[PDB]
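Enquirer: Got a structure for you, questions after.
Cβ sites come from the backbone with ideal geometry, for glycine too, and all protein chains shown count toward neighbours. Read the figures in this text as sums done on the coordinates, not as results from a lab.
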Amino acid sequence: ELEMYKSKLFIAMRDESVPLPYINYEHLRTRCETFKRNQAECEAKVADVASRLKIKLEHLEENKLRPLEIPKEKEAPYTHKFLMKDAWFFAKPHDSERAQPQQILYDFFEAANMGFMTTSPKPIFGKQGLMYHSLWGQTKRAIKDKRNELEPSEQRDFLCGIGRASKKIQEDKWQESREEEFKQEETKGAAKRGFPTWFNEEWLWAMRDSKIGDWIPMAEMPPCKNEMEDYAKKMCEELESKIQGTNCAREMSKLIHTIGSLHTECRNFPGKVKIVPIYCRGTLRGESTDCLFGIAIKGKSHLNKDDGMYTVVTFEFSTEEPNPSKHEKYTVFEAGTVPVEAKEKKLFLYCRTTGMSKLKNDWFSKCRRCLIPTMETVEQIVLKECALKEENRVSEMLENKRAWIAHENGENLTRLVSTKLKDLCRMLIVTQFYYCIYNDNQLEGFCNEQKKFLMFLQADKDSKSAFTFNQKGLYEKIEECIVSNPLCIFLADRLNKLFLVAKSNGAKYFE
Amino acid sequence: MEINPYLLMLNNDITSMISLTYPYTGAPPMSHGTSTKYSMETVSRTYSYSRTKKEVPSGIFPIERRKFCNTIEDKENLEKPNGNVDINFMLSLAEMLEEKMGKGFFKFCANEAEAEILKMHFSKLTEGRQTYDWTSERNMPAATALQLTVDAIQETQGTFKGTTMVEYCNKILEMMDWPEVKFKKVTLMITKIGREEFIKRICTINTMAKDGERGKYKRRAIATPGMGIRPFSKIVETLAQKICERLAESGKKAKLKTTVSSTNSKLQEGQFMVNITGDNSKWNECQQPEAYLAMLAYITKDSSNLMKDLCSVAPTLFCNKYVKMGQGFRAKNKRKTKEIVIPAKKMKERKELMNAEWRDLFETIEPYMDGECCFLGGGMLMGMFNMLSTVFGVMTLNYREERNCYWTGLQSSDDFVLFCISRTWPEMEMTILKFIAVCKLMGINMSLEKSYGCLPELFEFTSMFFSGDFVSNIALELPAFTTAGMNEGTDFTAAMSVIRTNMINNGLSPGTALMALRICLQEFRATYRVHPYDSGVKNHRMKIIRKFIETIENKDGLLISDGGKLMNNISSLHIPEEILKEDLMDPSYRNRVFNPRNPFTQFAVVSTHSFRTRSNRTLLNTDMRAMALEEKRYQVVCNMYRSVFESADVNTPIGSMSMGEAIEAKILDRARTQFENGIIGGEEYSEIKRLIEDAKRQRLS
Amino acid sequence: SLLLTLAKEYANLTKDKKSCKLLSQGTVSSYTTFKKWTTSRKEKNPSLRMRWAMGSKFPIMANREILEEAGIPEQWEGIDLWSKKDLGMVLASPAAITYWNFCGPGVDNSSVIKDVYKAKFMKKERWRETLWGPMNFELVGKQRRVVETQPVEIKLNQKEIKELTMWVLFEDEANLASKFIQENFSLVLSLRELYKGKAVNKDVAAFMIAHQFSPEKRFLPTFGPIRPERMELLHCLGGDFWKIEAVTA
RNA sequence: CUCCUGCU
RNA sequence: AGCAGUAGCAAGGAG
């Protein structure tokens, strides 16, 4: 019972991995059984104190909270897979039987006349014009014959790459040659870009109401008792009745329907190229309608692991002049004219190649779960307010309470716009949806470090005299992870403007 | 007009505007390619933190050994982290530790630990994560690798009759004494292996990349051990688990209130308190297991004789573990056309085809490389001792130097909150530099970039930001609301269970619960292709519901997965949908749904929609089809033993003789008992008896 | 006459060659690690493959003989219900589930299923007969306790329950005779008068015993009185910034 | 030329 | 081409 199997090799093993002033495990155990401490410990402690050279840094005397270094370089392009602000859509009344996406593609082929969709072979700008021209003609006659299977030509064999991968040769045969096929490896890292200036306009556009009403297909309300279900149902009715009108809901339903259709077509047809519409579904004058924003082309995904990076080709419908700064990765073509009754303005066809992935589908196709942090935030505001007042003041608190947002452009010093609380939850669903779009590594590390600087600002707000030990490596770690993601650079700029606004009352910062 | 969300913080707290700063709605970061450079960074940086060059030759392993205790080359750059522990200092802190609470402390907790060791059955090993099967050199779940290990035991010499923990451990050491071990490879041949290769293979730990972690820019490598290292680590984690449960300065919301409220009562007329949130960096590369061997030689300097020898093996196996090197790298020509793959075996011969960073990492790891692995001797990787370094944290936070200026606080895995009590700010420099001194001596490196402090409670602990009065709550994982995907009945109520348990523990204000409830309803209906009857959906499942709806009398008794609306609410998240619709169903509908005679259920909620989809098709098309033959034979034998013992899934079937002999003894037992009070027939008793005798002669042959 | 069938199955499974090296070589406990051979890694996205399954036309494996005893090949407009691709098990679609649920025969089993889930019907019965009041909107909070949360009337402690089902359902290899038997053996004399003749299988009976007798004690943040009547309604009664209770009886 | 995949 | 982010995918395997 009380005997362990004393082996032969392990007793030579445990005697080998003892500390250096010991010979065997037995001598180490006999010293550890009879160990009594002393007060030469303090001599080793103070002897560790003397050779340290480390001082803390206060903030009331050396408030070196300098603003971050935005890279002053070429402006970061528009890197979202679709178009948010610059869209144009064709409408029709929605038919209940004609509901599948290829049926929607055909019904919008007769509805929006593609016979007048004549493009010159010369783009305004871009890189490859002939390939997208013959691709658009080939898919236009392909939708004309009402069958979604692109016949193999050199254009699709060039764009959605077939045969464009390296020959992975294992090290069983190598057939070496004298100074020929000299092979090695090389990595670079990431490219650095600058501050985008267009992101304010898509922010203010994306939180503005659009006359088409509801966009997100939510579900029905459960029945309520005489309990607090009147409260939660009331908050769902008011908040849901606010978020259904903005363009953020149109983008979320666009991602759900479009990436849902490309997702099920990535399941059902590997190895075959489809033609998938880019659309929505929303209510217009009571009559439920559907949209049509663009045309997507799949790239014969054989999704082995969660990655795989299949090719998506997006033909887009715009009605604005292009931009070689913002719309830089695009290959802007044209279309013609559209009658827009407020006269018959222009219509531009855009082109873009891009890629999606299998892990980058289920976080986009299930992006409806963004009403949790917004309603959590507004609900913690209201519940903390009535928790500090101890009186049922909810419905009148949702109108007579201000929220400071959106300082102006020319001046910033205490010049803010106090808005109502439902416009605050508009901006909250905007910033949560922008979090759900642009998630990379850089946003994660920058959210960590802005949690630290937010802790410093809260340490400023109540005069607590915060302090840090080493600020050089701190700004070395923050400026490492601000490279090319536009949301991260934009939030860094707005964090600097947060310090500029907060510098007017508290004293822990710079100009 | 510009716009800035962070202006919400101009007149608020950070207990309300902090859920705004978690990017949990997006995709998590994934790794790509091999996981070689991360492992070489971990081991190479671990030896770079060694602060020594003293090598000791080995006779067991053909590579050198560098020690990590009491051999310090004190460079002047002491702000850089060190990986050297002084043993008299930490044993002095242990003797100082037990003198604060009780006298017979370690004997008490260690006797309770051994009181829970000897009553443990080793099926507890199968309730774990993925491990490293050394038979085929892969990653397998725990019961598979344990079954292949016991298969190597009963294939090599004799059989196994242990059915405990300690006899299995002695069986592992008995495998270490063996000169030759036979096992099976792939189509199932049987090979043999020597003695030194078995020693090199039992100490093999696999490395990989940590996938899906929120909070870092650079990726980090996690390592999984084999099977023969796990149960000793389970013993140590039960011991230190009882020690951490007994201690009072370890972790989560009440203890900070008791220590802040109590240490505000220990203030004189001129003293004050300053708290500091820190973050101990490089925690997995500065905990050498030799100090675990010495301190566990203290806690088992006074336990017994068996526990004294059994709690001193897993630190040795962490002292001479190997490290798997991923699967190599890739090379390509100037035209970027052909790309050869070099594995971890031929990395030595093809050394001259690498980058500058790779050759910088590789030439400082060359004198420790084996053929496939590397030799690490002081590292403590992820997937290892977690509740034992916390004891070192409490030992740093219970120091007594003798004024009346001192510190206290709270410790976690690598997160700590420290409270100092002093009189002036240069004395604060003295005490905090004493804290960096004692942590720096013991082997705990605080990072200077990620630390701060104030006077009141405004601190940070395990992503809970405590302000002066109010409490921040943990930002939960959003995909955890929908994780089942198994049934039309065990997904919605599972989501209500997740909303319930996230409502009780966290705050989770009710409108968020109603909103996420209706959203999880919407993804349920969108997943299982079922819509309500009044909707305009016309697919292959709503036409049947649309045509036959006139037969149903009361419309709101239909299930959600059959075309009914929602009746659950916040105040009924603990009750499934089926009962609250069973109080209203039509009798043809209730008698029609709840028939157990259905082709779907035959071949926790009410299982009336439980169907089994078809499996994948690489189960008979790969080279591992014989493994599917093994799972089919195992399901047949388990259905045989389940067919004899009518109630076997309730109690764990202990016993150490055999299965088929207990089967034959049970059929003879019920044959005699059901004979004499029952059957009585000569052809049946002699015929069943004839089948038992012929099956026993068939099994013995 | 079941022992003859089990003898046929036992001789049939000892007839195999390489299965002789499977049994009488391992132990009784090894059955547990003979149960788990799930060579799938983690199934880290089950809902993804569930949506991939339900999006196809025939994802489901179902029995043939009952559905060919009662079902119809196709519905009235193009709805497929049957396959002939592969033992005799037939792949179908989820339309056959709801088609059984609206156009299938019925077997009267209402009282049995209303007797299986008596704990949850007790929960709904206690929920339907309660009354509420106004809210308060005040601060609240108290520490975490280990609370038994079910209105049971026996209050065993997760140890006499497994032993109880051993000494109720199958006593031939039940347990070593302890000192915890006698009054629970009077309870054996009461309980064998209930589960003797039923159509319910033994696994479902062993399931339903352990939910009428077990006070489920968990470590939860509680406040106020610690009566187990209001502990399953813990998530409803109060949150962090609000509180509601006006129950008279 | 065919077959097979869809976490191995 | 492109997706990328410290190294991968842009199909692969067998007969």
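Enquirer: If you go through the stretch A:347-366 one residue at a time, do you hit one that is over 18 Å from the mean Cα position of the chain (by Cα) and farther than 30 Å from A:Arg193 by Cβ?
Expert: Yes, because at least one residue in the stretch A:347-366 is over 18 Å from the mean Cα position of the chain (by Cα) and farther than 30 Å from A:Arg193 by Cβ.
Enquirer: Please indicate, with yes or no, whether at least one residue in the stretch B:519-529 is outside any loop (DSSP other than H, G, I, E, B), touching a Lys or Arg at 6+ places or on another chain (Cβ under 6 Å) and of a type outside the set (D, E, K, R).
Expert: yes
Enquirer: If you don't mind, another one. Can you run down the residue pairs with Cβ atoms below 7 Å, 6 or more apart or on separate chains, where the first is in the stretch A:404-420 and at the interface with another protein chain (Cβ under 7 Å from one of its Cβ atoms) and under 14 Å from B:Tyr6 (Cα atoms) and the partner is assigned to a loop (DSSP other than H, G, I, E, B) and among the β-branched types (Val, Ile, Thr)?
Expert: Filtered contacts from the stretch A:404-420: A:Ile405/B:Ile3; A:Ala406/B:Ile3.
Enquirer: Before we move on, is A:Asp230 of a type in the set (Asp, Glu) and within 14 Å of another protein chain (Cβ to nearest Cβ)?
Expert: Details: of a type in the set (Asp, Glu): yes; within 14 Å of another protein chain (Cβ to nearest Cβ): yes.
Here the answer is yes, as A:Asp230 does meet what is asked.
Enquirer: Would you please name the residue that is nearest to C:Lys42 (Cα to Cα), looking only at residues in the stretch A:295-317 that are under 23 Å from the mean Cα position of the chain (by Cα) and either more than 16 Å from RNA strand E (Cβ to nearest atom) or hydrophobic (A, V, I, L, M, F, W, C) (or both)?
Expert: A:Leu303
Enquirer: Of all residues in the stretch B:209-219, which are closer than 24 Å to B:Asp133 by Cβ and either within 11 Å of RNA strand E (Cβ to nearest atom) or surrounded by fewer than 16 Cβ atoms within 10 Å (Cβ to Cβ) (or both)?
Expert: Correct list: B:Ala209, B:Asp211, B:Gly212.
Okay, residues lined up against (1) within 16 Å of A:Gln128 (Cβ to Cβ); (2) exposed (fewer than 14 other Cβ atoms within 10 Å of the Cβ); (3) acidic (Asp, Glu):
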site	(1), (2), (3)
A:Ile297	yes, no, no
A:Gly308	no, no, no
A:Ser318	no, no, no
A:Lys329	yes, yes, no
A:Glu344	no, yes, yes
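Enquirer: Separate question: Take B:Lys632 and tell me if it is under 30 Å from B:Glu661 (Cα atoms), of a type in the set (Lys, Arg) and either in contact with a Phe, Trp or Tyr (Cβ under 9 Å, 6 or more places away or on another chain) or more than 8 Å from chain C (Cβ to nearest Cβ) (or both).
Expert: yes
Enquirer: Taking the stated definitions as given, is A:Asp145 out of contact with any helix residue (DSSP H, G or I) (no Cβ under 9 Å at 6 or more places or on another chain), of a type in the set (D, E, K, R), within 14 Å of RNA strand E (Cβ to nearest atom) and more than 14 Å from chain B (Cβ to nearest Cβ)?
Expert: Details: out of contact with any helix residue (DSSP H, G or I) (no Cβ under 9 Å at 6 or more places or on another chain): yes; of a type in the set (D, E, K, R): yes; within 14 Å of RNA strand E (Cβ to nearest atom): no; more than 14 Å from chain B (Cβ to nearest Cβ): yes.
Spelling it out, it is not the case that A:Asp145 is out of contact with any helix residue (DSSP H, G or I) (no Cβ under 9 Å at 6 or more places or on another chain), of a type in the set (D, E, K, R), within 14 Å of RNA strand E (Cβ to nearest atom) and more than 14 Å from chain B (Cβ to nearest Cβ).
Enquirer: Going through B:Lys348, B:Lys308, B:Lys321 one at a time, which residue ends up being buried (at least 21 other Cβ atoms within 10 Å of the Cβ), more than 16 Å from RNA strand E (Cβ to nearest atom) and among the basic types (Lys, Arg)?
Expert: Only one candidate passes the filter, namely B:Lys321.
Enquirer: Anything in the stretch B:615-630 that is surrounded by 14 or more Cβ atoms within 10 Å (Cβ to Cβ) and under 29 Å from C:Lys202 (Cα atoms)? List them, or say none.
Expert: Answer for the stretch B:615-630, where residues must be surrounded by 14 or more Cβ atoms within 10 Å (Cβ to Cβ) and under 29 Å from C:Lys202 (Cα atoms): just B:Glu630.
Enquirer: Starting from residues that are assigned to a loop (DSSP other than H, G, I, E, B), away from every other protein chain (no Cβ under 14 Å) and out of contact with any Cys (no Cβ under 7 Å at 6 or more places or on another chain), keep the ones in the stretch A:281-292 and report whichever is nearest to RNA strand E (Cβ to nearest atom).
Expert: Checked the stretch A:281-292; the qualifying residue nearest to RNA strand E (Cβ to nearest atom) is A:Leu292.
Enquirer: Determine if the stretch B:407-418 includes at least one residue that is in a loop (DSSP other than H, G, I, E, B) and crowded, with 22+ Cβ neighbours inside 10 Å.
Expert: no
Enquirer: If I filter the stretch C:65-80 down to residues being under 26 Å from B:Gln635 (Cβ atoms) and facing chain B (nearest Cβ under 7 Å), which single residue comes out as farthest from RNA strand E (Cβ to nearest atom)?
Expert: Of everything passing the filter in the stretch C:65-80, C:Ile66 is farthest from RNA strand E (Cβ to nearest atom).
Enquirer: May I pose another question? Restricting attention to the stretch B:163-174, which residues are hydrophobic (A, V, I, L, M, F, W, C) and touching a helix residue (DSSP H, G or I) at 6+ places or on another chain (Cβ under 7 Å)?
Expert: Result: B:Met165, B:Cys169, B:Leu173.
Enquirer: Could you grab me the full set of residues in the stretch B:588-637 that are under 26 Å from B:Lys555 (Cβ atoms) and either within 11 Å of RNA strand D (Cβ to nearest atom) or in a helix (DSSP H, G or I) (or both)?
Expert: B:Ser588, B:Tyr589, B:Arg590, B:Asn591, B:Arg592, B:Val593 - these are the residues of the stretch B:588-637 that are under 26 Å from B:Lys555 (Cβ atoms) and either within 11 Å of RNA strand D (Cβ to nearest atom) or in a helix (DSSP H, G or I) (or both).
Enquirer: Then there's this: Identify, please: which residue in the stretch C:46-63 is in a loop (DSSP other than H, G, I, E, B) and facing another protein chain (nearest Cβ under 7 Å) and is, among those, farthest from B:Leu629 (Cα to Cα)?
Expert: Within the stretch C:46-63, the match that is farthest from B:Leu629 (Cα to Cα) is C:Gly55.
Enquirer: Output the residue which, of all residues in the stretch B:354-390 that are crowded, with 16+ Cβ neighbours inside 10 Å and within 9 Å of chain A (Cβ to nearest Cβ), is farthest from B:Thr42 (Cα to Cα).
Expert: Among them, the one singled out is B:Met354.
Enquirer: If the requirement is being in contact with an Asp or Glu (Cβ under 7 Å, 6 or more places away or on another chain) and more than 16 Å from RNA strand D (Cβ to nearest atom), which of these qualifies: C:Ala11, C:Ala96, C:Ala70, C:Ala7? Walk me through it before giving the result.
Expert: Numbers: C:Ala96 fails: in contact with an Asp or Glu (Cβ under 7 Å, 6 or more places away or on another chain); C:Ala70 fails: in contact with an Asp or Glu (Cβ under 7 Å, 6 or more places away or on another chain); C:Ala7 fails: in contact with an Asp or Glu (Cβ under 7 Å, 6 or more places away or on another chain).
Unique residue meeting the criteria: C:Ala11.
Enquirer: Would you pick out the residues in the stretch A:260-293 that are away from RNA strand D (no atom under 16 Å from the Cβ) and surrounded by fewer than 20 Cβ atoms within 10 Å (Cβ to Cβ)?
Expert: Result: A:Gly260, A:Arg281, A:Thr283, A:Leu284, A:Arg285, A:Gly286, A:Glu287, A:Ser288, A:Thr289.
Enquirer: Quick one: how many residues across the stretch A:156-188 are farther than 18 Å from B:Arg350 by Cβ, more than 11 Å from chain B (Cβ to nearest Cβ) and loosely packed, with under 13 Cβ neighbours inside 10 Å?
Expert: Of the residues in the stretch A:156-188, 2 are farther than 18 Å from B:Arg350 by Cβ, more than 11 Å from chain B (Cβ to nearest Cβ) and loosely packed, with under 13 Cβ neighbours inside 10 Å.
Enquirer: Among the residues of the stretch B:69-86, are any in contact with a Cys (Cβ under 9 Å, 6 or more places away or on another chain) and over 30 Å from A:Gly473 (Cβ atoms)?
Expert: no
Enquirer: Okay, moving on. Could you check A:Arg98 against (1) over 30 Å from B:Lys543 (Cα atoms); (2) within 11 Å of chain B (Cβ to nearest Cβ); (3) of a type in the set (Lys, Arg) and say which number it fails?
Expert: Single failed check for A:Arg98: (1).
Enquirer: Moving on to the next point. Are any residues in the stretch A:450-476 assigned to a helix (DSSP H, G or I) and among the hydrophobic types (A, V, I, L, M, F, W, C), and if so, which ones?
Expert: Result: A:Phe453, A:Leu454, A:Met455, A:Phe456, A:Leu457, A:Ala459, A:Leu474.
Enquirer: Which numbered condition trips up A:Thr354, out of (1) away from RNA strand D (no atom under 16 Å from the Cβ); (2) β-branched (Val, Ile, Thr); (3) within 25 Å of A:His94 (Cα to Cα)?
Expert: With respect to (1) away from RNA strand D (no atom under 16 Å from the Cβ); (2) β-branched (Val, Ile, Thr); (3) within 25 Å of A:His94 (Cα to Cα), A:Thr354 is out only on (3).
Enquirer: Still on this structure, please answer the following. Within the stretch B:350-386, how many residues turn out to be out of contact with any strand residue (DSSP E or B) (no Cβ under 9 Å at 6 or more places or on another chain) and part of a loop (DSSP other than H, G, I, E, B)?
Expert: 6
Enquirer: If B:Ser535 meets every condition in (1) part of a loop (DSSP other than H, G, I, E, B); (2) of a type in the set (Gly, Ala, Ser); (3) within 44 Å of the chain's Cα centre (by Cα) apart from one, which number is that one?
Expert: Result: B:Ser535 fails condition (3) only.
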